[PDB]
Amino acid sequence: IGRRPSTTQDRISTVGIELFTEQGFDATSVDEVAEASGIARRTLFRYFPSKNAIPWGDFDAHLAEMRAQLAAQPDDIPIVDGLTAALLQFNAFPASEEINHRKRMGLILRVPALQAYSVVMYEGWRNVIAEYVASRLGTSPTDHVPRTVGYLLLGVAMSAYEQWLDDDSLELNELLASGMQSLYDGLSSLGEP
């Protein structure tokens, strides 16, 4: 998003990402991120348990906004539209924030140790989706339908971002919307005359 005034944690994340991008992820130590951030490694480890957390920033806070958004949407609105709005909003940045967000997702999607580590971050993201779908269906978040939906929504997000990193000339919001349209329509008509 990049909307709100920067915190110490989200400012550490940002200088970290800029470091990792310029010098490479494995070439940058946690001590360089700390010093570049004007803090002690104690102050840094208060905000991140590891080096692999630094690119994710304050993901818990992001997840709490998405969850409150989904929970504040009127219940007279179709579930799929809820899902679309969240997908589009919470990957939506000002033109100002594109270079930094593209830096972030570049690290997260293409550094193998961050790909491995991010399974737990994605799981928390999916749980927010399952929780929303479960309440609206009057059901449980660990049931099959809510769980499946969480996984399918993550799939459109992941595809869009891979596609977007692969080509500068593409718009993330447009890619997310195409991906979401396919999830909305379903795959019955795929390749069909």
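Position 1 is the first residue in the sequence shown; the rest follow in order.
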Can you tell me which third, lowest, middle or highest, the CA B-factor of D81 falls into for its chain? middle
Splitting the chain's C-alpha B-factors into thirds, which one does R126 fall into? lowest
Splitting the chain's C-alpha B-factors into thirds, which one does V33 fall into? middle
For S169, the third of its chain into which the C-alpha B factor falls: highest
Divide the modelled residues of the chain into thirds by Cα B-factor and specify which third, lowest, middle or highest, holds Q9. highest
